[PDB]
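Presented below is the structure to which this report refers.
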Amino acid sequence: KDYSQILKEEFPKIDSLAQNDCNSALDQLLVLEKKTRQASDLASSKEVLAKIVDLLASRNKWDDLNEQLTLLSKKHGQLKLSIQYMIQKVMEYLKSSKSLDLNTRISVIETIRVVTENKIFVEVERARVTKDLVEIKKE
Amino acid sequence: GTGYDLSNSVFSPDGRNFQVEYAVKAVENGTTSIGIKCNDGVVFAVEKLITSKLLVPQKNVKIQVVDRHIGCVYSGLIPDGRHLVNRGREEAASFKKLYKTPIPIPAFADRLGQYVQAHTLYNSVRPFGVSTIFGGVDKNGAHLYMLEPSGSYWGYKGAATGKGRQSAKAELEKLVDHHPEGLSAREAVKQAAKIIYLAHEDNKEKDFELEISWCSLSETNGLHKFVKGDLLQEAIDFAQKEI
Amino acid sequence: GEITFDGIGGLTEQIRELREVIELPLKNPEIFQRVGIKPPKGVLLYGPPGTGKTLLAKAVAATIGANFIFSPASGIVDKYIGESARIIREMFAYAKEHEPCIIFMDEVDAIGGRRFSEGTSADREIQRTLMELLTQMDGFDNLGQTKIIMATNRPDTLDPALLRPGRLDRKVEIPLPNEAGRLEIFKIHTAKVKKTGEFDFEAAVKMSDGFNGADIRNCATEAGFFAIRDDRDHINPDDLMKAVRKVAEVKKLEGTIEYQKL
Amino acid sequence: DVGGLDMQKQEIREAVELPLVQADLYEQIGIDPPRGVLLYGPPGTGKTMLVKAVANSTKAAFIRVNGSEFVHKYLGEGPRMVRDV
Amino acid sequence: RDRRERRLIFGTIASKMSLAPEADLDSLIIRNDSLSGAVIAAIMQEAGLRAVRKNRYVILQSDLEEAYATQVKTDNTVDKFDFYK
Amino acid sequence: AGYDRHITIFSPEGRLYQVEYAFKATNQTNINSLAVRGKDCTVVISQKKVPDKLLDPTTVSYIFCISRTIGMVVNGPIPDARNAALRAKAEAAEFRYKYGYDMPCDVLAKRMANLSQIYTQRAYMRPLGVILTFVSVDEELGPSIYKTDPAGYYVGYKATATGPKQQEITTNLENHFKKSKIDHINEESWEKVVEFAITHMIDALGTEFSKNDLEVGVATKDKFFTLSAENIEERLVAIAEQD
Amino acid sequence: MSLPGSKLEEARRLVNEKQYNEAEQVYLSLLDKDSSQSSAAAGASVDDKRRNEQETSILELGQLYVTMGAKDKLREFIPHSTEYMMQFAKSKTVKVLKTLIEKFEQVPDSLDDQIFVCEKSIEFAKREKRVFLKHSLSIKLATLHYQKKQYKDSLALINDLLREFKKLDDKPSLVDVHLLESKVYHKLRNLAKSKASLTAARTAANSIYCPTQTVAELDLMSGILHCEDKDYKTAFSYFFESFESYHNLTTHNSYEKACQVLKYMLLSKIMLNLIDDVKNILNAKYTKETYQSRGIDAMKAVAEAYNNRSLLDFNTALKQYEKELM
Amino acid sequence: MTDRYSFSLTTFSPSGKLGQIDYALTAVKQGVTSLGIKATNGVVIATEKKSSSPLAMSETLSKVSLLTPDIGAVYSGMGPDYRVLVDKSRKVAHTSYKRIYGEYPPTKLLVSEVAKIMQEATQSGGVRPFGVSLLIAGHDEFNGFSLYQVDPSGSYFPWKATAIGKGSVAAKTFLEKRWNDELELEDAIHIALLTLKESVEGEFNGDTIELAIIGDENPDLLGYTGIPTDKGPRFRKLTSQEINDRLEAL
Amino acid sequence: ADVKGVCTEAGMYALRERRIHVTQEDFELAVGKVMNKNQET
């Protein structure tokens, strides 16, 4: 169906700065929301929304990505449980990057309101986000 | 306390009016009449139940004409139906005096709409227990209206009333789906008599008489007249052939 | 099993109301302990008749599978000497034995009202019947695994004391479905009905005025007899609108309750 | 755990918990203590909150019997169960 | 009752309940017009049930306002009247 | 004795039964309508419900145009609506003839309220079963909305509502004004206030409307017009694309 | 610009940059400028709507006269503002009159300057027919005579208010009269009039609605009268319910009011010879929070003095904390 | 057609009273609670604005109307019955005085004309009595400040201070000890605020309270200068910001 | 009945102080409670 072409969506966006990552991925966002909304527990593929994490990571600062997480938390995000999967994706590249991005990692935790706002606790990973901040204060 | 149904202006605790509901019941006790709206005009049809052989054929006019292009047909009490036409004739005559050119179809509905409603506001007079179906060719396109005892009306692409109102209105939905783009005025004449015979199953215990009057700009050119000659007999054999 | 979650469709907005007061506390009771809220015991079902309020009782019995007890209003009114007060204590006696139990109530217009005592030709049996239903959900006896589902045709005929919190915590209203909710109902009753391959139910949506979930079933039932006279196995879609127009003239009585209904 | 009833709670504790502890206070002031306490007001709100607090605070004999519980399927059993309480 | 009697209820029930620091109980006390003690108990329970539908845990300020107008009127519209002015 | 509930008189409970029964007759059609005040204008949206295919959607309208600067929206039975519509146009045109200029919105709601009381205080006539809601933009207060009633008491609202779900519409719209602490919508363009009211109307009513399921009136400064089926459908497409 | 917001924000910055005395002349320049509607004030310019911003400007500087030493000059500043408000509408007259007195009495100042200002404000009510304004100032004036420790001027105003408030008006304000009267006889070592005035205050407490600060002061002074007959078990309930009232006020009241309540609660438990209940309050963080001092820790050694039963340990902290505990 | 009811809807009860008026006072005692007080320097009237809907605009509603520039009015009853009565009260005031005597009628002569309309509805058939009670207060150049209480029965009585509404039992008793022989215009305002505040079950502010006072003739509110005869109307209504000024003054 | 109510409530306030006598403090509190019941409803 429409999920087979997800790899061919953006050819140029990998090489260039890709300022259209917000606008171009919007066409793949609002369309898949109407087929799921809050009804089905798991319907749409949650890896499509996680592609935004793989778009701009090392080539762009972490402040622009945190601003997109605020809009996804207020909106549906193609699934009500889509936020459950996005939490494990944000914590994947933090340990694989390091370098000079360790100073910006402190501001990412305080900027994201998902780990700050209480929920039904679908994942243990978001509870360890504040645990990593404790280890930073120890150093 | 009892008495909600004694007077007119008294409102029921459920939000209805008994004098209005009982007036609608008197509509289904009379002779049935239908109508068909076309692109260039409208077509009226009525089935008059013949009591005995003493009735002289075609001497009873069921469809009364107001001004020229405005036809009127009613199903219900005879004096209540003739009073609306006689009142509507004075409204069309008083309009042309000051306003020159004749009143259109959608504007004429406001004359009877406020007149019938004035009877339900006062207990001195009673509403009309007859359903009047009026229409014709106005200045722009055409319109058709059916006056209810409550005074409520809208634009009707088709109209059904009387004893056979249940089976006649069901056939009007088939005519709309048959010709969704448009319907000629000559074809609707034969289709009007066909629906009457399909609704005659309830009235089949007595004798019937077919009376059809149509108005459009294709032939009469803004004139509302009855059907005479071989045109009336042609619609009878065409409608009875499918039976 | 007969009626399922697919046949109750169109109520989806009101279906999640029961899942929170039934499916949620039974599957994971610890959620209410984390926030600190008390699990709701009684649930009130009111609205116009024919909207599927009874079907909500049959749909849960064919899915959850827990032991349920149907308690009609007129089944416990048997009177010898103080009999109706004893029968009520018999139904709640099985709550402590079998923990996953939910006792229903079927269309109570009588013993749910207030009706204090002046004259009334020795109503003490029904008067004490009201006192028993207000006992088990009040006194120090603690259950928490027993839910009370009470259905009625109108809240005004129920005791205002019973409507107070502490007995019925959440009142789930089942009004008439909207224009988007009616269309799903036509496909439920016509799913097992043989007809032509070309079908449009959007016509009966506008034709439906003030109809309920039950009256839509009568439209498909009456349409079946229209094809019998013409010797047709498949129902003509044009004959479907004939029955809908016929049902519209069947009511003639009330059909609208607004200001005095919660 | 229940606030706002301190106005009506003080009157009950003096007419229930107080005479059960010291019965000589009423004999000195010359006031006959009421043999019980009723409750009024709109149903379905209170009357179960203050009684439950007294049973937990007093930690003594407490008898809870429904009003219609005294009715028994047998004629003479009804009045016999009333005196037994 | 008035705001003086109800302020000892909301604050007492919310002790065991899980609320948020941004939510203020005094905001609803002004909005409370002549209520009873049982209706308040239904407000705190309905506010917790809405957090499950919204996938929340603590009770926010929006959960108390959205669950207010639903449980405040127990009869018809407003005090079984419409408007008198 | 038992006639206290029939004609309007002081009741032993100090109320008026016929006035209370009149509110139950306004919802007979069961149509929800809401109106929000834009910055430079005011927009109103009402449900368009056509029960039968024989009714022409273009002819069926629940929104009447009193004057170029004054719109009117009525929730209730059409016969009592058209009776008050033809009467309101007579009193509105009388002001321009007698007083020389155009009547504002607050005065027209004031004169019809005192006229609706004549239908009440007088025992030989009955009150109107409709609620007249006038939408107009004056030259002083600008955008304003005044809602009448069969009791004859007119009062201004920020966002007016009606229908059986009015309690759900008023509560849903209340959270917008209390959070933003604004008395009117800050959108300058009249197209933005149309799409803004549709979003809160769908979520409150829980229904996805179609092109023929709504009638959207638009009252601008010194101009009033009603959007057709093509303009209403165009706004619904832009909402699904943007949101 | 001529906007009022630009004048206030620019003056607030000058306080932190250099001093508030330089910004005081800016507010003096608002008397002959910044016109408004209605009528004028001092005759130089028209000030009506802009008086509220000029009143706040005095409120901001009102707490800053302690460092400058203008307390003696503040005596004639308040009554002169009343004559300036007689030109335009009198709706703003009570605002400037009542609000300044609340702030003027809040900052520490000599008792002579506080009484003389309230006496001049009543003079405006003497020339006029003012009733509630004169009665509202009489309660605040008699309160100032209470801190003077003079029963002649204190009882002179109270006896005049009893023959008025009882037979005329001010039902809720009558509670403050019995509360203040009970305090006067409390310093005179008279338990007959002090307990009688407290009973009359509790009679009108449930009859007329009272705010939080009024009810909190009733139970606070009530438990003090229960120290003569001992029975500290029932007297502790007065200070326990009082502490919940002052703690909920937070910044709305003074911190010294709630800090003293902790001193009476700890003293009532020591009289009951309960060591564990004293340590449970001190160990609880929510009972202290931002309230701490040497007088609070002074009673901690007193509880430990009776726990170990040592007089030398009590006399050691007795003279050292005498400046606080005693 | 016309009207077929010529008979009086108000009949004498066997107990010696009228059933329509006996039930008319019930509708007055249940509803908005207003009040009023008269002083030596003016008359102070006040009323509370109830909120039927949270989106209702209080500025579009005038609870205190204007009969003559020197005379105000306040009503505790139903809205519609007040407007038609006042609209007919201004007509009989201009026709019988402005078009005859040329000046405005005083307080004593105006209350007789206003009560004349209500007393005719209690007798003539086809109509029902008015279920509202109006307080007519004003000032003239001879009799001075006077306040009259118009009952639904058609009879009027002078009152120094009175209150009508749900709290009419408690408020009227309080005004007995709150009134004396010497009062100012501003002093009577605080009396009206202390009495009305206890009757407010909703939000307490200047938008929900309509406070109108009759002071000295104001040349600024007149609209023209140069004529010493007319110094401006004595009737004045405090705005939302002006009412909030004296609310914190208590 | 109001006079007997003051006499009945006279001993109620004496139980709070745990004393066997009734002084002027109880009569002042008893009258204030009875006068509020008559003015209520």
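By Swiss-Prot numbering, chain D shows 173-257, in order.
We read in the header that electron microscopy, 3.8 Å was used to get this structure.
Using N, Cα and C of the backbone, Cβ positions are placed for all residues, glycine too.
Here is what Swiss-Prot records for this protein:
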- D:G213, D:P214, D:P215, D:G216, D:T217, D:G218, D:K219, D:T220: ATP binding site (BINDING)
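Features as recorded by Swiss-Prot, highlighted on the structure.
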residue	record	Cβ neighbours (10 Å)
D:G213	ATP binding site	11
D:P214	ATP binding site	12
D:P215	ATP binding site	15
D:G216	ATP binding site	24
D:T217	ATP binding site	18
D:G218	ATP binding site	19
D:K219	ATP binding site	15
D:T220	ATP binding site	15
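Look at D:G216 (ATP binding site): DSSP puts it in coil. Among the binding-site residues D:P214, D:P215, D:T217, D:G218, the ones with a Cβ under 8 Å from a Cβ of chain E are D:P214, D:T217, D:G218. Closeness to chain C is evaluated for the binding-site residues D:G213, D:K219, D:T220 by Cβ distance, with values under 8 Å counted; counted residues in sequence order are D:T220.
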